[PDB]
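Written below as structure tokens is the structure these notes are about.
Taken together, the values in this text are just the output of simple stated rules run on the coordinates, not laboratory data. No Cβ is skipped: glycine too gets one built from the backbone with ideal geometry, and neighbour counts run over all protein chains shown.
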Amino acid sequence: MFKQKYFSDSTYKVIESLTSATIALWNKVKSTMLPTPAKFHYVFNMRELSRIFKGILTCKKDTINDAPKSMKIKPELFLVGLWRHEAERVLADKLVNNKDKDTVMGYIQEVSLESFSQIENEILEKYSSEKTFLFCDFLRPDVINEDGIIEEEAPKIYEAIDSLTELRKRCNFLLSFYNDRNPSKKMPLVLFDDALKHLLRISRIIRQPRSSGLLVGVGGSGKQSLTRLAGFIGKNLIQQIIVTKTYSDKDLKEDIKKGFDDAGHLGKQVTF
Amino acid sequence: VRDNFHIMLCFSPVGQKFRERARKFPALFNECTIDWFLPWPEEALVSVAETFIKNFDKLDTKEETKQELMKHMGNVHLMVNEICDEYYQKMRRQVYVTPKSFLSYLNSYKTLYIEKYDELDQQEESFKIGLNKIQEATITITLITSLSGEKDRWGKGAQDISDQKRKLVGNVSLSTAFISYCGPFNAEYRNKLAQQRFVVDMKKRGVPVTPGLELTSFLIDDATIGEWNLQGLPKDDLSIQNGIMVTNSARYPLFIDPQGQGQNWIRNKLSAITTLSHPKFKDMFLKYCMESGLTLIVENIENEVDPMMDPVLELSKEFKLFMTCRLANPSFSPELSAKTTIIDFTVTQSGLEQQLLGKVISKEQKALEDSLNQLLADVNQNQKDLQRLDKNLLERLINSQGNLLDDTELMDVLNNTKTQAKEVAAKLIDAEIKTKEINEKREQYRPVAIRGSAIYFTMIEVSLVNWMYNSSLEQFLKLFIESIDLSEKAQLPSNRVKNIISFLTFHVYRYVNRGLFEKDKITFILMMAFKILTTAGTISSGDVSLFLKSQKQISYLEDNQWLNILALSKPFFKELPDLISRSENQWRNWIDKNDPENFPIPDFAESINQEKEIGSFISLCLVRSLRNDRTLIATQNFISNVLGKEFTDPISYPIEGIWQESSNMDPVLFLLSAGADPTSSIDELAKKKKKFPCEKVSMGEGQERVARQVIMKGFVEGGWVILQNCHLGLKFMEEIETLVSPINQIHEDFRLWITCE
Ligand SMILES: Nc1ncnc2c1ncn2[C@@H]1O[C@H](COP(=O)(O)OP(=O)(O)O)[C@@H](O)[C@H]1O
């Protein structure tokens, strides 16, 4: 990955320090916080390190294009912000109480200061601050603009920046679209900050090649409602199973056959 | 295919199966990412509140109070969460919540607020029309003192609903909250807990609210209440709020229905039916109701849903649907709470004594009901005559809408008002003549009703002691009405009231004993005694628990005994273990003597034992705490005392006598134990009175159709059938209830005999 830009006069040593600081974070978090039968799934291995990197490895040159934003951004700043958002979304998700979250973010800030012993005040000013930073998204940042046809051009896909207004406005835009796409949609979805974040997370998992995500939560949390939009934006087809008067096995088999032939021979994108 | 087959799994966090399902299959939680969704915090809820109040703040204009409104609404939601938790904690009855109900609650708030705002403010516009009348009369200037109360109402009613208009907004909020959320709750939690809860929220919030609930009064006009009371709605409070709750009809409802008030009410309310289990129902009845609106009632929910029921639930615009359960204490899924409203029609004893009061007034002499319904119809019509007075006032006030004064006939109109008040005075007198005479005619019987209700709520709880001790209210009603017929009237009506109290108790008592088991014989009578005394004698539940559950001082007695000294030690129980009890003069013989209670009575409290109003219960607390060995005969003893020795006496059921009970249209069950069967005796009787041998079918596998064809032979002919071993092969049982019906006619002399375990 490194030998493409060659513009990292000092960011190479940093990049290696990221390779080691992910490991330091892995050691600390894996040691510290454990599974108990009320938090039994608090289980850590080497998979999550691979997932962290799999998230990092993107934007062969889109990271370089800081010039449009330059929001007090050095090229490295965007990179460490990407590191932070990545580590959060691969480690600071599957935890039950918000306090547990608060301690992992404290760990992250401490480790970032540890490695980043050369611009530490800048990170403290900008991204280590608890204020919202670098919400990463794919469909909001670019607008189709409906020049000659509605889907004028496929939006740029790799990255987005932090903002909440245009996020909600495009979300409401899209909600109207989903209303007229589906007859009798009947979906009064209320979009508040946490709901926006949850849709973002479903996007993060659904998009990735060879990914999937278990979603937990009491009924009414809306996950089943949220995923419909999250799939429509990603162009993925969706099908559910119907339990007939006789509950049996063949329905599963024929449905999976159709699913593969959508994702195989035809090669379309699907979801389950 | 693996590159383009994403899998989205969404599980519950609660229940039983999720955790060991995860343990069963490693790859499931292994490969997939994991994400939690916490419940919404207060910031989200106030955000939703303002998103829905911005578009709904057309009439509710007040700066510096809106923000507190949205805050307090969030507070209400967080609270109904806690109330849910407490209900499950104490009563072990499941309750759930969803944001959908919060949205529906906002819908109700907006809709009924615009309705009541516009309606009551057209009435307040009419208060201002009264101001216009006063102004035009004054500027134009006999009648001005005649309209003293009239101008007072015209001013003060508007000024009250207006200056308290924000407090009335609060009242609307309290009403719509109590509607939307407090459906499935029992009488302790329904009003009391929820009301103190909401008003403390309002006091802490410091937003203004009006004193006094009166939820039913300013919701529905009493004319429709009376109309329903003709349609079989019980005349008491709880049924009133229940009827309101069905009226609002936020979504299709689902009743917890131990008795059947809702089924009869809907059967009468506007209808004057198709069961769930029917091959035609799933296909035929659905399409008829869905394309022509037949209303499709259902009456057999048992937590098991044919999935096709649901997507029908959520397109004729002339179609509704009410469906209800039977067995109490449901275990409905969280989402079945998300879709439909839930209402509990668990009868309280309070309404129960009025219903039994009405039925006894019926059967004891119809002339009492003649007087009752006569005066009741008269006074109901006189309430409507007060309403007609109000109509006359309104006519006097706004029919002319100008030139009232030039109408000198207004003088006659004023006199007419007076005349109507005069018949109200007669009605006023009738309110006295009612509230004593019928009341004493009811006071002769309302003790009885009290006893009846007590008895019923006793025999409810034995069902929880063990299944199969389950019976309706209807059978109890037949027994009650019969008892009145059996022995009630001789002469000397007060003495016959005492004879009610003697006879009804024994009749119901024996009826339940016929089903009871040996080890539960003593217990049912014991519970009956307590439930009798929890109202009249006001026996403390704390003292009951003292009687159920429970050393430095004394030296001779045993450590096994000293446990009991500390048991009794912790009113005068903690006052007489001292030198009084430690005299050790003559009570050593007493503790040695067998039958301590009877001949060598304790003289520790001779006067207290003498009084006997509670002295029995005192003696028994003593007997249990000292000598648990001889508990049971003492149990028989005070049962004989407080209830009569007739109860503590042998019973043996003459099978020839029992046959007289069995009509053709009811079977005979048999809850047997090991090493006992009446089959030989049943056959013997069937050879004695009946002249033919019975036919027999043993349950098992592959015997349904055999049983059915022999039953059809019995139907046409009139023989007897002996089913056997119903404790397995239960799929045929549900069919039997449909078979034994008035529809499919049956030849006389046909009996059925059932045995099971
Ligand atoms: N964010 C939300 N705002 C309003 N209503 C919601 C929201 N999320 C869910 N609901 C309600 O809950 C119902 C079920 O949603 P669902 O997606 O099944 O939640 P879950 O997956 O947690 O069961 C929906 O029909 C909807 O009315």
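Tabulated results
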{"read-out": "Criterion (within 21 Å of B:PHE11 (Cβ to Cβ) and either more than 15 Å from the ligand (Cβ to nearest atom) or touching a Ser or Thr at 6+ places or on another chain (Cβ under 7 Å) (or both)) met by exactly one of A:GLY264, A:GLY220", "value": "A:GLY220"}
{"read-out": "Matching residues, region A:178-217, being within 14 Å of the ligand (Cβ to nearest atom) and of a type in the set (A, V, I, L, M)", "value": "A:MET187, A:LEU189, A:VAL190, A:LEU191, A:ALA195, A:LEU196, A:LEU199, A:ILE202, A:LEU214, A:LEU215, A:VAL216"}
{"read-out": "Single unsatisfied condition, A:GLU153 versus (1) assigned to a loop (DSSP other than H, G, I, E, B); (2) within 11 Å of chain B (Cβ to nearest Cβ); (3) not hydrophobic (A, V, I, L, M, F, W, C)", "value": "(2)"}
{"read-out": "Test for B:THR61: is it more than 13 Å from chain A (Cβ to nearest Cβ), part of a helix (DSSP H, G or I) and either away from the ligand (no atom under 14 Å from the Cβ) or of a type in the set (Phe, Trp, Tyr) (or both)", "value": "no"}
{"read-out": "Matching residues, region A:88-115, being within 14 Å of chain B (Cβ to nearest Cβ), surrounded by 19 or more Cβ atoms within 10 Å (Cβ to Cβ) and under 24 Å from A:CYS59 (Cα atoms)", "value": "A:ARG89, A:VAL90, A:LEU91, A:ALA92"}
{"read-out": "Identity of the residue in region B:71-118, closer than 21 Å to A:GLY220 by Cβ and not in a helix (DSSP H, G or I), that ends up farthest from the ligand (Cβ to nearest atom)", "value": "B:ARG93"}
{"read-out": "Residue within region B:151-163 that is buried (at least 17 other Cβ atoms within 10 Å of the Cβ) and of a type in the set (S, T, N, Q) present", "value": "no"}
{"read-out": "Selection count where residues are charged (D, E, K, R), touching a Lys or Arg at 6+ places or on another chain (Cβ under 8 Å) and surrounded by fewer than 15 Cβ atoms within 10 Å (Cβ to Cβ), scope region B:487-514", "value": "1"}
{"read-out": "Cross-chain or 6+ apart pairs with Cβ under 9 Å, region B:333-349 first and within 14 Å of chain A (Cβ to nearest Cβ), then assigned to a loop (DSSP other than H, G, I, E, B) and aliphatic (A, V, I, L, M)", "value": "B:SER333/B:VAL305; B:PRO334/A:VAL218; B:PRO334/B:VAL14; B:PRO334/B:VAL97; B:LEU336/B:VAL305; B:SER337/B:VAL95; B:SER337/B:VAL97; B:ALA338/B:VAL97"}
{"read-out": "Test: residue in region B:236-254 that is surrounded by 16 or more Cβ atoms within 10 Å (Cβ to Cβ) and of a type in the set (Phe, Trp, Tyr)", "value": "no"}
{"read-out": "Any hit, region A:40-55, residues being away from every other protein chain (no Cβ under 14 Å) and either in a loop (DSSP other than H, G, I, E, B) or β-branched (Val, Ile, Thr) (or both)", "value": "no"}
{"read-out": "Spans of strands (runs of 3 or more DSSP E) in region B:279-351 with at least 3 residues closer than 26 Å to B:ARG190 by Cβ and among the polar types (S, T, N, Q)", "value": "none"}
{"read-out": "Count of region A:175-205 residues which are facing chain B (nearest Cβ under 9 Å) and outside any loop (DSSP other than H, G, I, E, B)", "value": "8"}
{"read-out": "Pair list, Cβ < 6 Å and 6+ apart or interchain, from region B:86-100 residues that are over 14 Å from B:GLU188 (Cβ atoms) and within 13 Å of chain A (Cβ to nearest Cβ) to residues that are within 11 Å of the ligand (Cβ to nearest atom) and not in a loop (DSSP other than H, G, I, E, B)", "value": "B:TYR96/B:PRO334; B:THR98/B:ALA338; B:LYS100/B:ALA338"}
{"read-out": "Total residues in region B:701-715, condition under 13 Å from B:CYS726 (Cβ atoms) and out of contact with any strand residue (DSSP E or B) (no Cβ under 9 Å at 6 or more places or on another chain)", "value": "1"}
{"read-out": "Tabulated pairs, region B:35-50, first within 13 Å of A:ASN98 (Cβ to Cβ) and at the interface with chain A (Cβ under 7 Å from one of its Cβ atoms), second among the acidic types (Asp, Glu) and assigned to a loop (DSSP other than H, G, I, E, B), C-beta under 8 angstrom, 6+ apart or interchain", "value": "B:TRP36/A:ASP93"}
{"read-out": "Only one of B:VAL508, B:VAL424 that is under 28 Å from B:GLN259 (Cα atoms) and in contact with a helix residue (DSSP H, G or I) (Cβ under 7 Å, 6 or more places away or on another chain)", "value": "B:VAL508"}
{"read-out": "Residue match in region B:66-80 (condition: more than 8 Å from every other protein chain (Cβ to nearest Cβ), surrounded by fewer than 12 Cβ atoms within 10 Å (Cβ to Cβ), farther than 30 Å from A:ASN236 by Cα and out of contact with any strand residue (DSSP E or B) (no Cβ under 8 Å at 6 or more places or on another chain))", "value": "no"}
{"read-out": "Within region B:20-33, tally of residues that are exposed (fewer than 15 other Cβ atoms within 10 Å of the Cβ) and facing chain A (nearest Cβ under 7 Å)", "value": "1"}
{"read-out": "Close pairs (6 angstrom Cβ cut-off, 6 or more residues apart or separate chains): of a type in the set (A, V, I, L, M) in region A:132-153, surrounded by 13 or more Cβ atoms within 10 Å (Cβ to Cβ) anywhere", "value": "A:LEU134/A:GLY81; A:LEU134/A:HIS85; A:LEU134/A:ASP162; A:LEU139/A:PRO155; A:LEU139/A:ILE233"}
{"read-out": "Filter pass, A:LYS235 being at the interface with chain B (Cβ under 9 Å from one of its Cβ atoms), away from the ligand (no atom under 16 Å from the Cβ) and either part of a helix (DSSP H, G or I) or more than 27 Å from A:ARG47 (Cβ to Cβ) (or both)", "value": "no"}
{"read-out": "Residue check for A:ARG228: part of a helix (DSSP H, G or I), within 24 Å of the chain's Cα centre (by Cα), within 16 Å of the ligand (Cβ to nearest atom) and of a type outside the set (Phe, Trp, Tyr)", "value": "yes"}
{"read-out": "Given (1) in contact with a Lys or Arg (Cβ under 6 Å, 6 or more places away or on another chain); (2) over 29 Å from B:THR275 (Cβ atoms), index of the condition B:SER662 fails", "value": "(2)"}
{"read-out": "Long-range neighbours under 7 Å by Cβ, at least six apart or interchain, first residue closer than 17 Å to B:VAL347 by Cβ within region B:465-479, second assigned to a loop (DSSP other than H, G, I, E, B)", "value": "B:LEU473/B:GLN259"}
{"read-out": "One residue from B:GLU86, B:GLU125, B:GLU115 being closer than 18 Å to B:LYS156 by Cβ and of a type in the set (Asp, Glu)", "value": "B:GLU125"}
